[PDB]
Amino acid sequence: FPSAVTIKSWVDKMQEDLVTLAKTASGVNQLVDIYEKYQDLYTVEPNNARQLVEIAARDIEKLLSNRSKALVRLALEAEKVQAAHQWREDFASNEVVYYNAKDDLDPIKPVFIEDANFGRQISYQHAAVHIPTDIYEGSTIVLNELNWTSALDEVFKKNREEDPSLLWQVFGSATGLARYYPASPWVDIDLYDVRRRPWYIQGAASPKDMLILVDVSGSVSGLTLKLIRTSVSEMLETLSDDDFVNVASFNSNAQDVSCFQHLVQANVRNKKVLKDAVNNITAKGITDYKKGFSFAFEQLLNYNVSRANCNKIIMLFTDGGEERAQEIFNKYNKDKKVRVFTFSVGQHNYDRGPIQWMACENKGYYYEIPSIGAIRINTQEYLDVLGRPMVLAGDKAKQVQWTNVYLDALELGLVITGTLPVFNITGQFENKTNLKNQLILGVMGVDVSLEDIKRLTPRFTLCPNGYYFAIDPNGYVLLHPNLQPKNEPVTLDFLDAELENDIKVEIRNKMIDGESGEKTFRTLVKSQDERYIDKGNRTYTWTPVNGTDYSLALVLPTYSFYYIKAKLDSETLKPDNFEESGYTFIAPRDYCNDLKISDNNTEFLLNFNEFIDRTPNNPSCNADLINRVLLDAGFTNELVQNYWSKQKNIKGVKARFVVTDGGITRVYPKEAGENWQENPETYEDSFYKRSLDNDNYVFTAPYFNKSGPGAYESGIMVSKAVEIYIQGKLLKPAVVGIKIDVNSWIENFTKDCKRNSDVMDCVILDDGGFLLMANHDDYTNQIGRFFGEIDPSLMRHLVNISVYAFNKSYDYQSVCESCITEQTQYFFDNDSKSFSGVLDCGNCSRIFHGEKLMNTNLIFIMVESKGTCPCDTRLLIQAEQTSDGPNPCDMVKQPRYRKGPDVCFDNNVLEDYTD
Ligand SMILES: *[C@@H]1O[C@H](CO)[C@@H](O[C@@H]2O[C@H](CO)[C@@H](O)[C@H](O)[C@H]2NC(C)=O)[C@H](O)[C@H]1NC(C)=O
Ligand SMILES: *[C@@H]1O[C@H](CO)[C@@H](O)[C@H](O)[C@H]1NC(C)=O
Ligand SMILES: *[C@@H]1O[C@H](CO)[C@@H](O)[C@H](O)[C@H]1NC(C)=O
Ligand SMILES: *[C@@H]1O[C@H](CO)[C@@H](O)[C@H](O)[C@H]1NC(C)=O
Ligand SMILES: *[C@@H]1O[C@H](CO)[C@@H](O)[C@H](O)[C@H]1NC(C)=O
């Protein structure tokens, strides 16, 4: 094995060659020199974090003022209209006419004029009614609703006309009947119950400490167990994240069905765990209600755990019996703080008297489930039963509640919904009320798209590493870069998108209560692509949103504290000029409302240049965005004309490129244009951000086993961010790039580590353990894969000796047959350039010396061949591994710190609760 000095000399020579070639061919010096030479065409302006967060908070509060005023208006007029309703029965003569969606033209037929802000056909003349497929059409229980909701369309018209930015307006009733205003055909045996939706549920009840008990007696084993499992699973589905639920089973003794021994939050992971636990249940023993309910009661009074002190409930899943257990209820529940809802599931002939008495005495309700199908309807009922204190609150239940981000029904994007319920309370001066008013007519809601929220968020004046994020008092994120749809509400915690520490949890527990401040901390950050980790200083500025429960914050790496502007060409952005200017891509952003994104990019180029070409004033068009993009295109053209033209063809350099802020890309030769595979949006490509954060050269490895050839003829991507100093103040405008022919690198790698023999291994890796160069001539075919997938022993020993530190993220968005993805990414932790040791699997030992490449992220390892002694502990894989995330059995006993809503309505003295 060669000496350490020889390996150091080889590393120095290789790193000098690579660095020099990348620097000379990419042309960082010329670009930065141009940027520092003009100082005229651009303006550097401060990006005030606290000011921006305040402006965004007030703006979003105003948009919520819009969408709450609309809702109070619609609800008030709904109450007024139904209050003075005849309840016409004989609708034979009075044929009511309405526009039913999802219908067919086989014997209203609107022209269906398509407008912006909606992807599909809309008609503002009429409103569209959605009814569940299972429920029946025109009858004595739907036609009345279809009549008295015919006056809601006027309010819809008025609301839209007074505010043209409204997205959607819906009203949900006790029998479905979603009447949504911008009448659009439905999806295209579709299942959608309006009452079975988070926005319906969150408005129709209060945050509840639900408990579940299941009758698991051996005598009722069979189909009843399956019905119980499916019913309780659908119950858990009904539970939102504002409620705490736990399931226990009792058979002469009560025990937890799962690893949880207390009330846990009803989030997706816990809900799945409870569902799986109940699905694993089996029936054995004799029933004893007393000890079951007792246990449920100290679980209710279990104040040692996290709870929303609000709306305590028991939900018993029984069949029938002759045991009322008066004394058990009397001992624990004398003031009657706990509701008890009991079920009679299955078809049997047991006595149901005590079962009904339990609900009757404890202010709960009793339900029967004779067969599959009635579970969906029966589940909605207890929520409306819980609304009795809420309906009797009067001028206190009038408070809109904003849902979390969830996918819209007609495929519009990420949206949240407002909620308000409608009552029949009327005539306060006489009070013929205190009646049927107990029940609600349903809930009505408006929608705001996350595109609308992000229109209030100007991200393009920041760096790609900066962004916005807002968090609700539960703890999840309302808006985040990593918040991406999968196709169910999307749920990302603040410490589930970013990387966890003590400072981030401290600030997520310091602004979730609704405080403000600033804090700069030194941590490690994550790249756009799930392959690399990085490190940098980020400052977080946060302020509460006074109008709502939300809390927004802003992030700034300490080089995007300032930004760039432009004070106050055509030939550059011409496809026919690509022969000399290179195959340009333009970033499909909202440059102008007149044009649209194309993704095509070629067409987008035609549209962009035809709009820019023709007076060029553009009276209804953006100003700063187009100005910056023009200036940046000028810069890219200047670079290509001055430097890249001089050396038309380099043996080792397959291509060159420069991506910038503004969205202009330049690949010098024509043939390399079709080799370009990445996103034209410069805020979306990973390497842009990675290079800005790393102060060294960044070698992006190509993908391995990717569809279509992209390794041999594409080359190796190298980058280095451009940093400028105007008046001693930092900014990171652009990054440059090169494609390195693999053949040239191979031929120059044979100068030391000669090939065609199996004696020693010479491989060059980067951050993340991706193979870039190898001598074996069979590893060089497979360039671009994770190095642990070919030599896992070496990577594991490298991890143990602490040259590669990894921490795993858990991303909950995946395509699987809502799996959790284990996101492993590696990086250098110990800033030690030299590393040596012996890799021994037993008697056989291999001497290795690993020396890092200076001013890059590459590592060269000089280890013996695998033929000397076989050793493979396990094939270590770095990819999106499908596996269970962190165990919730341990994270519920020390969960994330929550703040609950102070607004609750329960234990009302005026409450009737006759049933
Ligand atoms: C609030 O809603 C209920 C639901 O319809 C109304 O109950 C109806 O009351 C009328 C009174 O004449 C009866 O004719 C109907 O038969 C009732 N409905 C049902 C389903 O039986 C109630 O009247 C409403 N409250 C007010 C103040 O009108
Ligand atoms: C909110 O309401 C006002 C009053 O009509 C309206 O002009 C405004 O555009 C709405 N939206 C926002 C974001 O303020
Ligand atoms: C609803 O019923 C009333 C009778 O109270 C009738 O006059 C009215 O026209 C009906 N509405 C529609 C849309 O026809
Ligand atoms: C990130 O990696 C460091 C070093 O390996 C480790 O100390 C830290 O706990 C990791 N962070 C997370 C959130 O796992
Ligand atoms: C864009 O549309 C034009 C229309 O003629 C077509 O020629 C071109 O190939 C398209 N490019 C892409 C990438 O879709």
# chains A, B, ... in the order shown; residues from 1 in each chain; ligands from 1
call {"tool": "residues_near_ligand", "arguments": {"ligand": "ligand 4", "cutoff": "12 Å", "atoms": "only C-alpha atoms and all ligand atoms", "output": "VMD selection string"}}
result
chain A and resid 495 to 505 523 to 526 533 to 535 799 to 800 802 to 810 822 to 830 886
call {"tool": "closest_atom_pairs", "arguments": {"of": "chain A", "to": "ligand 1", "cutoff": "12 Å", "atoms": "only C-alpha atoms and all ligand atoms", "output": "Markdown table"}}
result
| residue | atom | partner | partner_atom_place_in_ligand_line | distance |
| --- | --- | --- | --- | --- |
| A:78 | CA | ligand 1 | 1 (C) | 11.3 |
| A:79 | CA | ligand 1 | 1 (C) | 9.1 |
| A:80 | CA | ligand 1 | 27 (C) | 9.9 |
| A:81 | CA | ligand 1 | 28 (O) | 9.9 |
| A:82 | CA | ligand 1 | 28 (O) | 6.8 |
| A:83 | CA | ligand 1 | 28 (O) | 4.9 |
| A:84 | CA | ligand 1 | 28 (O) | 7.0 |
| A:85 | CA | ligand 1 | 28 (O) | 7.1 |
| A:86 | CA | ligand 1 | 12 (O) | 7.3 |
| A:87 | CA | ligand 1 | 14 (O) | 5.9 |
| A:88 | CA | ligand 1 | 14 (O) | 8.7 |
| A:89 | CA | ligand 1 | 14 (O) | 9.1 |
| A:140 | CA | ligand 1 | 20 (C) | 9.7 |
| A:141 | CA | ligand 1 | 20 (C) | 7.7 |
| A:142 | CA | ligand 1 | 20 (C) | 10.7 |
| A:144 | CA | ligand 1 | 5 (O) | 8.9 |
| A:145 | CA | ligand 1 | 5 (O) | 9.0 |
| A:148 | CA | ligand 1 | 5 (O) | 10.8 |
| A:173 | CA | ligand 1 | 4 (C) | 10.7 |
| A:174 | CA | ligand 1 | 4 (C) | 9.5 |
| A:175 | CA | ligand 1 | 20 (C) | 11.1 |
| A:391 | CA | ligand 1 | 1 (C) | 11.7 |
| A:422 | CA | ligand 1 | 1 (C) | 9.5 |
| A:423 | CA | ligand 1 | 1 (C) | 6.9 |
| A:424 | CA | ligand 1 | 25 (N) | 4.5 |
| A:425 | CA | ligand 1 | 27 (C) | 5.9 |
| A:426 | CA | ligand 1 | 27 (C) | 5.8 |
| A:427 | CA | ligand 1 | 27 (C) | 8.4 |
| A:428 | CA | ligand 1 | 27 (C) | 11.0 |
| A:431 | CA | ligand 1 | 27 (C) | 10.0 |
| A:432 | CA | ligand 1 | 27 (C) | 8.2 |
| A:433 | CA | ligand 1 | 27 (C) | 6.7 |
| A:434 | CA | ligand 1 | 27 (C) | 9.3 |
| A:435 | CA | ligand 1 | 25 (N) | 7.6 |
| A:436 | CA | ligand 1 | 22 (C) | 5.8 |
| A:437 | CA | ligand 1 | 1 (C) | 5.4 |
| A:438 | CA | ligand 1 | 1 (C) | 8.5 |
| A:439 | CA | ligand 1 | 2 (O) | 7.2 |
| A:440 | CA | ligand 1 | 2 (O) | 7.3 |
| A:441 | CA | ligand 1 | 2 (O) | 6.4 |
| A:442 | CA | ligand 1 | 2 (O) | 10.2 |
call {"tool": "write_last_selection", "arguments": {"atoms": "N, CA and C atoms", "output": "short mmCIF file (atom, residue, chain, number, x, y, z; two decimals), in the first residue's frame"}}
result
data_model
loop_
_atom_site.label_atom_id
_atom_site.label_comp_id
_atom_site.auth_asym_id
_atom_site.auth_seq_id
_atom_site.Cartn_x
_atom_site.Cartn_y
_atom_site.Cartn_z
N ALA A 78 -79.10 33.05 5.11
CA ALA A 78 -79.63 31.69 5.15
C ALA A 78 -80.58 31.54 6.33
N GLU A 79 -80.16 32.05 7.50
CA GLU A 79 -81.02 32.01 8.69
C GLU A 79 -82.32 32.77 8.43
N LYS A 80 -82.20 33.98 7.86
CA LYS A 80 -83.37 34.80 7.57
C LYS A 80 -84.34 34.07 6.63
N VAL A 81 -83.82 33.44 5.58
CA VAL A 81 -84.65 32.81 4.58
C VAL A 81 -85.35 31.57 5.14
N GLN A 82 -84.63 30.73 5.88
CA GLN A 82 -85.25 29.50 6.34
C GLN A 82 -86.19 29.78 7.52
N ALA A 83 -85.93 30.87 8.26
CA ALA A 83 -86.80 31.25 9.36
C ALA A 83 -88.23 31.50 8.86
N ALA A 84 -88.34 32.24 7.75
CA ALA A 84 -89.61 32.51 7.10
C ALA A 84 -89.82 31.56 5.93
N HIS A 85 -89.93 30.26 6.23
CA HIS A 85 -90.11 29.24 5.21
C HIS A 85 -91.41 28.49 5.45
N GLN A 86 -92.19 28.27 4.38
CA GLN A 86 -93.52 27.71 4.47
C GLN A 86 -93.47 26.20 4.75
N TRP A 87 -92.40 25.54 4.31
CA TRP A 87 -92.33 24.08 4.31
C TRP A 87 -93.40 23.52 3.36
N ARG A 88 -93.38 24.00 2.11
CA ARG A 88 -94.28 23.51 1.07
C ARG A 88 -94.08 22.00 0.89
N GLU A 89 -95.18 21.25 0.91
CA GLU A 89 -95.11 19.79 0.82
C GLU A 89 -95.42 19.32 -0.60
N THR A 140 -90.00 14.70 -0.68
CA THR A 140 -90.47 15.57 0.39
C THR A 140 -89.37 15.99 1.38
N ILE A 141 -88.15 15.46 1.29
CA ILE A 141 -87.08 15.82 2.22
C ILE A 141 -85.89 16.48 1.53
N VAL A 142 -85.89 16.61 0.20
CA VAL A 142 -84.83 17.29 -0.51
C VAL A 142 -85.36 18.52 -1.26
N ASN A 144 -87.71 20.64 -0.46
CA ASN A 144 -87.86 21.77 0.44
C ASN A 144 -86.53 22.52 0.59
N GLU A 145 -85.43 21.78 0.74
CA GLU A 145 -84.10 22.39 0.85
C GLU A 145 -83.72 23.05 -0.48
N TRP A 148 -85.70 26.40 -0.43
CA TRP A 148 -85.35 27.49 0.47
C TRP A 148 -83.89 27.90 0.30
N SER A 173 -75.66 20.77 4.08
CA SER A 173 -76.87 20.59 4.86
C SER A 173 -76.86 19.22 5.51
N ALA A 174 -77.89 18.94 6.32
CA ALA A 174 -78.03 17.67 7.01
C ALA A 174 -78.30 16.50 6.06
N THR A 175 -78.67 16.77 4.79
CA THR A 175 -78.91 15.72 3.81
C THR A 175 -78.00 15.89 2.59
N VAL A 391 -75.25 25.48 19.73
CA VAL A 391 -76.42 26.19 19.21
C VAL A 391 -77.00 27.12 20.29
N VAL A 422 -75.39 27.20 10.67
CA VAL A 422 -76.62 27.96 10.55
C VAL A 422 -77.67 27.32 11.44
N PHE A 423 -78.42 28.17 12.15
CA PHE A 423 -79.41 27.75 13.14
C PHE A 423 -80.78 28.22 12.70
N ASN A 424 -81.84 27.84 13.44
CA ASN A 424 -83.15 28.43 13.24
C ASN A 424 -83.58 29.30 14.41
N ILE A 425 -82.64 29.85 15.17
CA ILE A 425 -83.00 30.71 16.29
C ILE A 425 -83.57 32.00 15.71
N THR A 426 -84.75 32.40 16.21
CA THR A 426 -85.50 33.52 15.67
C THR A 426 -86.49 34.05 16.71
N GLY A 427 -86.68 35.38 16.75
CA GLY A 427 -87.63 36.01 17.64
C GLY A 427 -87.18 35.99 19.11
N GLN A 428 -86.11 36.73 19.41
CA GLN A 428 -85.57 36.78 20.77
C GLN A 428 -86.51 37.52 21.72
N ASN A 431 -89.44 34.50 22.26
CA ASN A 431 -88.88 33.21 22.67
C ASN A 431 -89.96 32.13 22.61
N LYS A 432 -90.50 31.92 21.41
CA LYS A 432 -91.23 30.71 21.07
C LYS A 432 -90.23 29.62 20.71
N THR A 433 -88.93 29.97 20.72
CA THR A 433 -87.80 29.09 20.48
C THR A 433 -87.47 28.25 21.72
N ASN A 434 -86.23 27.72 21.80
CA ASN A 434 -85.86 26.61 22.66
C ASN A 434 -86.63 25.37 22.20
N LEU A 435 -86.33 24.96 20.96
CA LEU A 435 -87.05 23.93 20.22
C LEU A 435 -86.06 23.12 19.37
N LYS A 436 -86.57 22.47 18.31
CA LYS A 436 -85.80 21.91 17.20
C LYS A 436 -84.54 22.69 16.82
N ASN A 437 -84.50 24.01 17.07
CA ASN A 437 -83.30 24.84 16.95
C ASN A 437 -82.01 24.16 17.42
N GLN A 438 -82.12 23.23 18.38
CA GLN A 438 -81.02 22.40 18.84
C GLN A 438 -80.18 21.85 17.69
N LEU A 439 -80.87 21.33 16.66
CA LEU A 439 -80.19 20.81 15.48
C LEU A 439 -79.82 21.97 14.56
N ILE A 440 -78.76 21.73 13.77
CA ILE A 440 -78.30 22.69 12.78
C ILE A 440 -78.82 22.26 11.41
N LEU A 441 -78.98 23.27 10.54
CA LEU A 441 -79.34 23.03 9.14
C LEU A 441 -78.13 22.62 8.31
N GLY A 442 -76.92 22.84 8.82
CA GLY A 442 -75.70 22.47 8.15
C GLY A 442 -74.70 23.61 8.33
#
call {"tool": "residues_near_ligand", "arguments": {"ligand": "ligand 2", "cutoff": "7 Å", "atoms": "only C-alpha atoms and all ligand atoms", "output": "tab-separated table (two decimals) with N, CA and C atoms, in the first residue's frame"}}
result
chain	number	residue	atom	x	y	z
A	59	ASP	N	-51.70	41.68	5.47
A	59	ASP	CA	-52.35	41.36	4.20
A	59	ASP	C	-53.18	40.07	4.27
A	60	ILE	N	-52.62	39.03	4.88
A	60	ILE	CA	-53.34	37.78	5.01
A	60	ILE	C	-54.51	37.98	5.96
A	62	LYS	N	-56.29	40.73	6.17
A	62	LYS	CA	-57.31	41.35	5.35
A	62	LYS	C	-58.01	40.36	4.43
A	63	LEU	N	-57.28	39.41	3.88
A	63	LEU	CA	-57.89	38.40	3.02
A	63	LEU	C	-58.81	37.53	3.85
A	65	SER	N	-60.35	38.74	6.45
A	65	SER	CA	-61.48	39.64	6.63
A	65	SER	C	-62.49	39.51	5.48
A	66	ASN	N	-62.01	39.52	4.23
A	66	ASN	CA	-62.84	39.15	3.09
A	66	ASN	C	-63.64	37.88	3.35
A	162	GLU	N	-68.93	41.99	-5.19
A	162	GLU	CA	-68.27	42.92	-4.29
A	162	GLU	C	-66.80	42.56	-4.08
A	163	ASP	N	-66.39	41.33	-4.44
A	163	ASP	CA	-65.02	40.89	-4.28
A	163	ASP	C	-64.72	39.84	-5.36
call {"tool": "residues_around", "arguments": {"residues": "region 314-321 of chain A", "least_positions_apart": "4", "cutoff": "6 Å", "atoms": "only C-alpha atoms", "output": "PyMOL selection string"}}
result
chain A and resi 210-215+340-345+350-352
call {"tool": "write_last_selection", "arguments": {"atoms": "C-alpha atoms", "output": "short mmCIF file (atom, residue, chain, number, x, y, z; two decimals), in the first residue's frame"}}
result
data_model
loop_
_atom_site.label_atom_id
_atom_site.label_comp_id
_atom_site.auth_asym_id
_atom_site.auth_seq_id
_atom_site.Cartn_x
_atom_site.Cartn_y
_atom_site.Cartn_z
CA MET A 210 -63.07 11.31 22.85
CA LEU A 211 -62.56 7.82 24.27
CA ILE A 212 -63.40 4.54 22.60
CA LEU A 213 -64.37 1.27 24.28
CA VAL A 214 -65.08 -1.91 22.33
CA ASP A 215 -67.12 -4.90 23.50
CA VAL A 340 -71.60 8.71 26.73
CA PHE A 341 -72.67 7.51 23.28
CA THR A 342 -73.53 3.82 23.01
CA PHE A 343 -73.96 1.67 19.87
CA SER A 344 -75.99 -1.42 19.05
CA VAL A 345 -73.93 -2.85 16.20
CA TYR A 350 -80.24 -8.84 23.08
CA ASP A 351 -81.97 -6.41 25.45
CA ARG A 352 -81.12 -2.80 24.50
#
call {"tool": "closest_residue", "arguments": {"among": "A:530, A:539, A:679, A:476", "to": "residue 551 (chain A)", "atoms": "only C-alpha atoms"}}
result
A:476
call {"tool": "residues_around", "arguments": {"residues": "residue 862 (chain A)", "least_positions_apart": "3", "cutoff": "8 Å", "atoms": "only C-alpha atoms", "output": "NGL selection string"}}
result
:A and (7 or 760-763 or 848-850)
call {"tool": "select_by_dssp", "arguments": {"residues": "region 373-430 of chain A", "states": "alpha helix (DSSP H)", "output": "JSON, numbers by chain"}}
result
{"A": [375, 376, 377, 378, 379, 380, 381, 382, 383, 384, 385, 388, 389, 390, 391]}
call {"tool": "atom_distance", "arguments": {"atom1": "CA of residue 447 (chain A)", "atom2": "CA of residue 404 (chain A)"}}
result
11.3 Å
call {"tool": "residues_around", "arguments": {"residues": "residue 118 (chain A)", "least_positions_apart": "4", "cutoff": "8 Å", "atoms": "only C-alpha atoms", "output": "list in words"}}
result
residues 114, 122 and 412 of chain A
call {"tool": "residues_near_ligand", "arguments": {"ligand": "ligand 5", "cutoff": "6 Å", "atoms": "only C-alpha atoms and all ligand atoms", "output": "ChimeraX atom specification"}}
result
/A:600,602-603
call {"tool": "write_last_selection", "arguments": {"atoms": "N, CA and C atoms", "output": "tab-separated table (two decimals), in the first residue's frame"}}
result
chain	number	residue	atom	x	y	z
A	600	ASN	N	-43.51	23.88	-21.92
A	600	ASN	CA	-42.91	23.78	-23.25
A	600	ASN	C	-41.56	24.51	-23.28
A	602	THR	N	-39.95	26.23	-25.21
A	602	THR	CA	-39.76	26.66	-26.60
A	602	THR	C	-40.95	27.55	-27.01
A	603	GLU	N	-42.18	27.02	-26.87
A	603	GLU	CA	-43.37	27.81	-27.13
A	603	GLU	C	-43.38	29.02	-26.20
call {"tool": "closest_residue", "arguments": {"among": "A:97, A:46, A:22, A:614", "to": "ligand 3", "atoms": "only C-alpha atoms and all ligand atoms"}}
result
A:97
call {"tool": "closest_residue", "arguments": {"among": "A:11, A:595, A:283, A:512", "to": "residue 622 (chain A)", "atoms": "only C-alpha atoms"}}
result
A:595
